[PDB]
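A single chain comes next, written as structure tokens; it is the form deposited in one PDB entry.
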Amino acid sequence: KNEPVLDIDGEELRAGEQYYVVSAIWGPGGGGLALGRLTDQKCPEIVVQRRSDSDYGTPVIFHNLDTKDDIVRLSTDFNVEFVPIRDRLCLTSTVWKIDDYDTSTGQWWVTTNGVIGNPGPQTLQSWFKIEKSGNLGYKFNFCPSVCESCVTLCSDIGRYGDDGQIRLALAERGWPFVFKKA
């Protein structure tokens, strides 16, 4: 019932298809999202943004809450994952998930090894939404509705630098993105 998210070609996003997720602000705003790696805890992989606006990163696939509905819609909990590939060293999933609080940085990082499906308290950290972000594009938001009695974080997803890389983390002012069919 909510408005469909559209890709840059004006086509409604479909769960199951592959989309690049690319900053709506180019230049110093950067490029697309991709799996990255930390040197100490090399698994799971982390979510990073390419610095070059000509690099669209790695595509993601959306998994709707309601598997009867093919269309990705605003303000509707979904799971999102980078396109699964055998990693040369990780067996964790590529599904996005909110991490535990990082006292060394003040950040709630978007990481991987999330889970698909089974909405409820157990999977709370794997549910994301999309909101409009001005006229530019769309922002991710973590504010799940899947557990009505749970206390939850409720925040846009923004960008934060860490270890020389650009990571995704909860932030007050969400980062705007657009979607391009892969």
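Here the rigid core means the biggest group of C-alpha atoms that line up within 1.5 Å when the two forms are laid on top of each other. Counting begins at 1, following the sequence as shown.
- Of the two stretches examined, 72-80 and 85-93, the record assigns the greater average C-alpha temperature factor to 85-93.
- Of the candidates 157, 124, 154, 46, the PDB record gives 46 the highest C-alpha temperature factor.
- Across 60, 116, 136, 143, the entry's maximum B-factor at the CA atom is seen for 136.
- Among the modelled residues of the chain, residue 173 sits in the middle third by CA temperature factor in this PDB entry.
- Residue 42: CA B factor in the highest third of modelled residues in this chain (values from the PDB entry).
- In the PDB entry, residue 13 places in the highest third of its chain by CA B-factor.
- When all modelled residues of the chain are sorted by CA temperature factor, residue 150 is found within the middle third.
- Among all modelled residues in its chain, residue 65 ranks in the highest third by Cα B-factor.
Omitted from view is the form deposited in another entry, to which the following refers.
- Looking at 41, 149, 67, 118 after a core superposition between this form and the one not shown, you find that only 41 has a C-alpha shift of 2 Å or more.
- Positional change of residue 89 between this form and the one not shown reaches 2 Å or more at the C-alpha, relative to the superposed core.
- Legend note: Cα of residue 85 to Cα of residue 120 is at least 3 Å farther in the other form than in the depicted form.
- A shift of at least 3 angstroms brings the Cα atoms of residue 84 and residue 32 nearer to each other in the other form than in the displayed structure.
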